[PDB]
There are 2 protein chains.
Amino acid sequence: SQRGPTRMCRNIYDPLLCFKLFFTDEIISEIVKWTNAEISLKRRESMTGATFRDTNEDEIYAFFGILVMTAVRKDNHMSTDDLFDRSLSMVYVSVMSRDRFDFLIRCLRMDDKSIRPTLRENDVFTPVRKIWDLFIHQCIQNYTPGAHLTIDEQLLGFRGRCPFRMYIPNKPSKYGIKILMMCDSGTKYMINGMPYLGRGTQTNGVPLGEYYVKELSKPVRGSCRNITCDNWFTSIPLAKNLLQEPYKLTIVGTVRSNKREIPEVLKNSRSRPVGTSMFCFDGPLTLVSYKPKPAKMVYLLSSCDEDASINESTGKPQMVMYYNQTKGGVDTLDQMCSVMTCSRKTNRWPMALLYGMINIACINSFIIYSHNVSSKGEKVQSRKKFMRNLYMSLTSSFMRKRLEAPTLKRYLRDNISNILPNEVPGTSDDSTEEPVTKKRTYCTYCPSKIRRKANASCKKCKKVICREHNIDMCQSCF
Amino acid sequence: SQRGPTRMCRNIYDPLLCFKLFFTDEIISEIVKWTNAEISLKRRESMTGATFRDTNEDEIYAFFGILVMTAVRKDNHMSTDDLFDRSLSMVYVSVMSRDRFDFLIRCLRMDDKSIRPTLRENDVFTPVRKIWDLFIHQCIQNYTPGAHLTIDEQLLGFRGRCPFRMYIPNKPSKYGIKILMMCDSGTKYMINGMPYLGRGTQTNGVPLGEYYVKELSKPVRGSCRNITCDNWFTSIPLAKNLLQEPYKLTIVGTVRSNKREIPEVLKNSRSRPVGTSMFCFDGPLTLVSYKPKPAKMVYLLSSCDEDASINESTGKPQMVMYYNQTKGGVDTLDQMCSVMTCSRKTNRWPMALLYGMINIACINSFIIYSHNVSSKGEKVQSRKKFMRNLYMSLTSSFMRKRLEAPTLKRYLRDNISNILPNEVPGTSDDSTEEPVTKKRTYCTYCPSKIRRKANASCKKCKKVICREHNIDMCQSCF
DNA sequence: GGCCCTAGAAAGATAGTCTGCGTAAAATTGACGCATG
DNA sequence: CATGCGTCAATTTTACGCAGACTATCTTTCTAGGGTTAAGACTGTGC
DNA sequence: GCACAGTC
DNA sequence: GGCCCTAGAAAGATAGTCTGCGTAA
DNA sequence: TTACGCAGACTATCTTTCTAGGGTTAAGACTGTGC
DNA sequence: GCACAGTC
Ligand SMILES: [Ca+2]
Ligand SMILES: [Ca+2]
Ligand SMILES: [Ca+2]
Ligand SMILES: [Ca+2]
Ligand SMILES: [Zn+2]
Ligand SMILES: [Zn+2]
Ligand SMILES: [Zn+2]
Ligand SMILES: [Zn+2]
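Conventions adopted
Residues numbered from 1 in each chain as written, not as in the entry; some residues may be left out. Chains lettered and ligands numbered in written order. Heavy atoms only, no water. Helix = DSSP H or I, 4+ residues; strand = E, 2+ residues; numbered from the N terminus. Rg over C-alpha atoms; globule rule 2.2 N^0.38 Å. Buried < 20%, exposed > 50% of the residue type's maximum accessible area, 1.4 Å probe, protein only. Contact = heavy atoms within 4.5 Å. Areas by Shrake-Rupley, 256 points an atom, 1.4 Å probe, with all protein chains shown as cover. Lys, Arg positive; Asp, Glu negative; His and termini not counted. Charge placed at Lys NZ, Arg CZ, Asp CG, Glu CD. Donors = N, O, S within 2.8 Å, 3.2 Å for Na, K, Ca; no water. Axes fitted to C-alpha atoms, helices over the stretch in contact; angles between N-to-C directions. Parallel < 35°, antiparallel > 145°, perpendicular 65-115°, else oblique. Left-handed = near helix turned anticlockwise from the far one by under 90°. Nonpolar A, V, L, I, M, F, W, Y, C, P; charged D, E, K, R; others polar. Tetrahedral: all angles 85-135°; square planar, octahedral: opposite > 155°, others 65-115°. Near = heavy atom within 4 Å. Polar contact = N/O pair within 3.5 Å; in protein donor to acceptor, adjacent residues only side chain to side chain. UniProt positions renumbered as here; feature names shortened; annotations may be inferred. Domains from an automatic or database assignment. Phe/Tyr/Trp six-rings, centres within 6.5 Å; stacked < 30°, edge-to-face > 60°. Pairing = 2+ DSSP bridges.

As stated in the entry header, the method of structure determination is cryo-EM and the reported resolution is 3.47 Å.

Printed below as a string of structure tokens:
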């Protein structure tokens, strides 16, 4: 059935359309509506001004563009009051002011507060639920997974208050929001996923290991693909349940040594030499264990990947070798995210989810992009370049309108005019001059607060001056 | 004797000098001459050019300036081939090119290769050692310690080859060079420290826990201070043997539950109600244990002469309260370092040590600086501004000389000219005479038929002129 | 609502700076005729 | 042609009122992040 | 029949 | 060198561009 | 009063190693209790 | 008188 982006999004060769595939217009439109609803409350009558207006689609895309660049650079835990510090960079200030950015980041909302009282008792995830579901839906519809899938967990660090955040001791960040997800091995496309949501998890009888494998697998349950799992999800009853009609999937993964189903023959005695392995069968399933170290034993379960052999080049059972090759399907995605991620400090947990969705979209967008382009036969650029182009495609239309203000400073105006593509169908000069070519109004060496107009410029440095200081040439020129 | 900078570094209000106190000429001179020795071995006749040149002190300081800014901007990754990408920023570009930076950093050496081969069987740390000892020496000499000191260890991440590389679980970074360290409490000034250097460390009878506390505390050995330390070091024989003619220091810290030092009355945790505590006296010193949780007990040792009882505001024994306040003296230093660290990927372990020394010099310089400024009675700026000022003080002389080349591009010339604080005219205080009095009264460039009043005096020749002929400057002046 | 601890960033507000435009007083400054040589 | 005096309404240069948009910097609240006596949630076995 | 200690 | 895996930066080298001074048309 | 060589510094981009970083069967090195 | 398994 092949692997790759589906027919619907196949002939796309640029980073913005590949991004819109995951976000869509419905998500951006919902963000704009609810954000405005919130902004309208946080506007006491002292706040009338440019920085405290409302939002639209162009601004939200530009905002995302800033988050995309934030991920490219490592400035994601850097103060916003430094990011927008001119002289270090004109990259962020050219899109919007630091105050507009701060106001908006505090006001983005993904839901309708008026209906919370009928949702919150049943769904602790309410404030991000509509967006999450639309997002995951897009992910599934844009791509056809290959032969092997990997299921594992991802933690979005977040130490603020959150009803379902949980501690995990062995992670880089230990106290955030747990998300379970499925990715295809070898490509790292995120296919599916869902929040853990604490102690809700209303499974019925089914333990969580099995429950989540069966739910995450839903899109692909009608055909045969493999599943690589952790020991949190791998078990004997799951290996057998997945082979019943409603699922055609099979499973490979390690198991815990304390499970009841493992025979004593595969347990670690001290008479068993180091480096040996043994196989036994539980019917259709093959259970294998081996001891790489004098006091350590590892167990693996493999269902449809049947038969048994040892790879003489390493001495390892072939089943573990297979496992080692597919087990990285989900953590590789996380590794790509930690290298290029935009996740900022915040005291509102639904933002943790929004930042996570932006990072996932950037990876999935890249995968589709890369695939479509290499299929066409053109060279594919790295993620770093994809992201730089994504930045411009998301912010250019906003910067273009920002320029309409007759009073948009000068240095902002000059930088925007030389950042934009200038993809104008037929633009040309009339007399070698730029289409704006305006002189500054005020005197270079005078305080701006006095608004003293400059009627002349310095021949030797082309600066605007007032007669009180100079007329033909400036005092700084000589 | 109080706490604070010593007599020699008592009145420094300039950040650059505060930095130089921990490097001095001996470290810079050794680095630059050994680096030149290395550069000459990396040349090929085909490489003759401006990039592959010998270093000098100004470049080395500028180079450290880049590393200081690197820490401010968190550019500890970020390929240098991106950091020096004009249009994102000119902050590094204006100091040196990316290829000069890559060549220079690659060639830095802190030692003499012709001597090393006869030193290496005795000291595995040879390639760093000379600089290291100079560095620590200055760290000890400046800044008198306070009444509370803390001893713990820090790990310099490094996964490359290193003979004494250590793996430590439960860390931010699993592998690296372990540094034993002593820091002042309250003010996190790094006083002393030393590499672990492998299992070959030779001690005589004394365990390492005990050994390191005695060596780290040497410079304060004859004064009474209260050392707070981890359970890797805390023990009865350490506590008993630090209150003798030599060594007059006390120890406070947690202990392991398996030491046969702890009586069975404390080593219980079964009949004891949760939240209660018990303690006893062994002699000069005391041991307390308490049971914060129904399945967990903690033991603490104090060799201070005290019975501090229980703090009623929490119910915790006062020894615990004390411990919690001073235990953070070393890890807080590591936290400050990781928030603004200058470190880069490298395959040469001595660089890991150099990067470590840069971060410590930056924090210790800040502490001396902060102290002197608040003592004077002036406001102290945060570390972020301190680092920005340090950057300019280290890179300015270099940039000033870089401008000497007639061919130093145009954008480099302009970005450098507008960042240098002293790029000013030799401006006078006043001007004795310009209009003079009434020399002509008519324009000397005007016909007798016009009799135009001369409304101006030539700026550079004081001639009687009409603005039409001589705008401000005369035609004979320019 | 959520283990001890810290440094420093977001949360949230207030006072100030950099750009454009328009009009009216102020600011000249460029001819205007009366002499000398 | 080179100078000289005292006159004016053209010219130009301020002064500042009509704002709009963006920015530096302050205090207070509270996450990000090191650290271990310290944090969840799960499965499967002893009393 | 409970609540008890071992791993993500 | 010294667990499994990957993605992407640093090693390390090559070919090319932006800048002024001396040549005159 | 505008073009061309010549030499000096800086710049983009390529391919081959091999560390930063994510895991979990996996990584040290010290201290005190098993035969 | 030797070899093993618990915490940074
Ligand atoms: Ca702000
Ligand atoms: Ca896992
Ligand atoms: Ca390079
Ligand atoms: Ca410690
Ligand atoms: Zn002026
Ligand atoms: Zn000028
Ligand atoms: Zn004239
Ligand atoms: Zn003149």
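## Some remarks on the overall build of chain A
Regarding its fold elements, chain A presents 12 helices and 12 strands. Taken over the C-alpha trace, chain A has a radius of gyration of 29 Å; the compact-globule value for 478 residues is 23 Å, which it surpasses by more than 25%. Taking all 478 residues of chain A together, 48% fall into the buried category. Within chain A, counting contacts between residues at least 6 apart in sequence, those at least 24 apart form 64% of the total. As displayed, chain A offers around 24800 Å² of accessible surface, 48% of which is attributable to carbon and sulfur atoms. Here chain A contributes 73 positively and 47 negatively charged side chains, and the mean placements of these two sets differ by 5 Å.

## A closer look at the coordination of the calcium ion (ligand 2)
Around the calcium ion (ligand 2), the donor atoms from the protein are A:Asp152 (OD), A:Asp152 (OD) and A:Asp230 (OD), and they sit 2.0 to 2.3 Å away. Here A:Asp230 lies in the loop between β6 (226-229) and α7 (236-241) and A:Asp152 lies in strand β3 (residues 148-156), a separation of 78 residues in the sequence.

## Description of the packing of helix α1 (residues 17-39) of chain A against helix α10 (residues 349-376) of chain A
All names here are of chain A. Closest axis-to-axis distance for the α1/α10 pair is 8 Å, and the angle between their directions is 135°. Classified by the angle between their axes, α1 and α10 sit oblique to one another. α10 is crossed by α1, and the crossing has right-handed handedness. Residue-level contacts link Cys18, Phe19, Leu21, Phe22 and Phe23 of α1 to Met357, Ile358, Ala361, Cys362, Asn364, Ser365, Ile368 and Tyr369 of α10. Among the residues making up the contact of α1 with α10, the classes are represented as 11 nonpolar, 2 polar and no charged.

## Things to note about the coordination of the zinc ion (ligand 8)
Residues and elements named next belong to chain B. Taken together, the protein donors to the zinc ion (ligand 8) comprise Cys458 (SG), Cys461 (SG), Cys474 (SG) and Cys477 (SG), at separations of 1.9 to 2.1 Å. Between the 4 donor atoms coordinating the zinc ion (ligand 8), the angles at the centre fall across 98 to 124°, so the site counts as tetrahedral. Each donor residue of the zinc ion (ligand 8) lies on one chain, and together they are spaced C-x2-C-x12-C-x2-C. Note that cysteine 461 is positioned in the loop between β10 (456-457) and β11 (464-465) and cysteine 477 in the segment after β11, a separation of 16 residues in sequence.

## Here's the deal with the protein's contact with DNA strand H
All names here are of chain B. The environment of DNA strand H is made up of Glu153, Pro169, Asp230 and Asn231. Between DNA strand H and the protein, one listed contact pairs a phosphate oxygen with a side-chain N or O atom of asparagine 231 at 2.8 Å. Its residues assigned to classes, the surface near DNA strand H comprises 1 nonpolar, 1 polar and 2 charged.

## Some remarks on the UniProt feature "domain: PiggyBac transposable element-derived protein" (unreviewed entry) in chain A
In the numbering used here, UniProt assigns the "domain: PiggyBac transposable element-derived protein" (unreviewed entry) feature to residues 14-366 of chain A. As annotated, residues 14-366 of chain A has a helix share of 34% and a strand share of 15%, and its two end C-alpha atoms lie 10 Å apart.

## Topic: the UniProt feature "binding site: Zn(2+) 1" (unreviewed entry) in chain A
Residues and elements named next belong to chain A. With numbering matched to this structure, UniProt assigns "binding site: Zn(2+) 1" (unreviewed entry) to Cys443, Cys446, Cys466, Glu468 and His469. Across 27 residues in sequence, these annotated residues keep their C-alpha atoms within 9.8 Å of one another, forming a single compact spot. Position of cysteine 466 among the secondary structure elements: in the segment after β12 (464-465). Apart from the residues lying within four places of it in its own chain, the contact partners of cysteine 466 are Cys443, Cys446, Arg452, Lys453 and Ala454.

## Points about the domain arrangement of chain A
With domains assigned, chain A is organised as domain 1 (4-117 + 340-402), domain 2 (147-186 + 189-329) and domain 3 (439-478). The C-alpha-based centres of domain 1 of chain A and domain 3 of chain A are spaced at 41 Å.

## Notes on the packing of aromatic side chains
All names here are of chain A. Across all of its chains, the model carries 43 aromatic pairs over all chains by this definition. Aromatic pair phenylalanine 23 and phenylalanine 64: ring centres 5.3 Å apart, planes at 65°, arrangement edge-to-face. One end of the pair, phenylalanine 23, is in helix α1; the other, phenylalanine 64, is in helix α2 (residues 57-72), and 41 residues separate them in sequence. Of the residues examined, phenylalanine 23 reaches a relative accessible area of 2% and is grouped as buried. Relative accessible area serves as the criterion here: at 0%, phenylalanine 64 is assigned to the buried category. Pairing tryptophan 232 with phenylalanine 233 gives two aromatic rings, centres 4.9 Å apart and planes at 75°, and the pair type is edge-to-face. We classify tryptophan 232 as partly exposed; its relative accessible area is 28%.

## Here's the deal with the protein's contact with DNA strand F
Taken together, 20 residues form the shell around DNA strand F, and within it A:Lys188, A:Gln335, A:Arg383, B:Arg44 and B:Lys409 come nearest. In this structure, a base oxygen belonging to DNA strand F sits 2.9 Å away from a side-chain N or O atom of A:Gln335. The residue makeup of the surface near DNA strand F, split by class, is 3 nonpolar, 7 polar and 10 charged.

## Here we look at the sheet that holds strand β10 (residues 296-302) of chain A
Residues and elements named next belong to chain A. Within the open sheet, the 8 strands sit side by side as β5-β4-β3-β6-β7-β10-β9-β8. Their pairing is mixed. Lying at the two open borders of the sheet, with one neighbouring strand each, are β5 (190-195) and β8 (277-281). When strand polarity is set aside, the average angle formed by the axes of neighbouring strands in this sheet is 25°. Here 2 bridges tie β6 to strand β7 (residues 252-255), and the two strands are oriented parallel to one another. The residue of β7 that forms the bridge with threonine 228 is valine 252. The sheet strands contacting helix α6 (residues 208-216) are β3, β4 (177-184), β5 and β6, and the helix crosses β5 at an angle near 135°.

## Thoughts on the packing of α2(A) against helix α4 (residues 98-107) of chain A
Residues and elements named next belong to chain A. Taken N-terminus to C-terminus, the directions of α2 and α4 make an angle of 100°; their axes are 12 Å apart at the nearest point. Here α4 runs roughly perpendicular to α2, going by the angle between their axes. From α2, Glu59, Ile60, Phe63, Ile66 and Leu67 reach across to α4, where they touch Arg100, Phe101, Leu104 and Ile105. For the contact of α2 with α4, a count of residues per class yields 7 nonpolar, no polar and 2 charged.

## Re the environment of B:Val220
Residues and elements named next belong to chain B. Relative to the helices and strands, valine 220 is located in the loop between α7 (208-216) and β5 (226-229). Counting along the chain gives 71 residues from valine 220 to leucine 149, while the straight-line C-alpha distance between them is 9.8 Å. Apart from residues lying up to four places away in sequence, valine 220 is in contact with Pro145, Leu149, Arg225 and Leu249.

## Overview of the pairing of strand β3 (residues 175-184) of chain B
Residue and element names in this part refer to chain B. By the criterion of burial, β3 is predominantly enclosed, with 9 of the 10 residues buried. In the sheet, strand β2 (residues 166-167) pairs with β3 via 2 bridges, with the strands oriented antiparallel. Along β3, the bridge assignment pairs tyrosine 167 with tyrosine 175. Two successive antiparallel strands, β3 and strand β4 (residues 190-195), enclose a turn made up of 5 residues, where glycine 186 displays a positive phi of approximately 85°.

## Here we look at α4(A)
An α-helix turns once every 3.6 residues. As a result, residues three or four positions apart point the same way. For α4(A), the set of buried residues is A:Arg100, A:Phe101, A:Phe103, A:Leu104, A:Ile105 and A:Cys107. Next to the buried residues of α4(A) lie α1, α2, α3 (80-83) and α10 of chain A.

## Brief notes about the pairing of strand β6 (residues 250-255) of chain B
All names here are of chain B. Across the 6 residues that make up β6, a large majority, 6, are buried. Relative to β6, β5 runs parallel, the two sharing 4 bridges. In the sheet register, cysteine 229 faces β6, and the bridge partner there is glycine 253. Across 4 bridges, β6 lies against strand β9 (residues 296-302) in antiparallel orientation.

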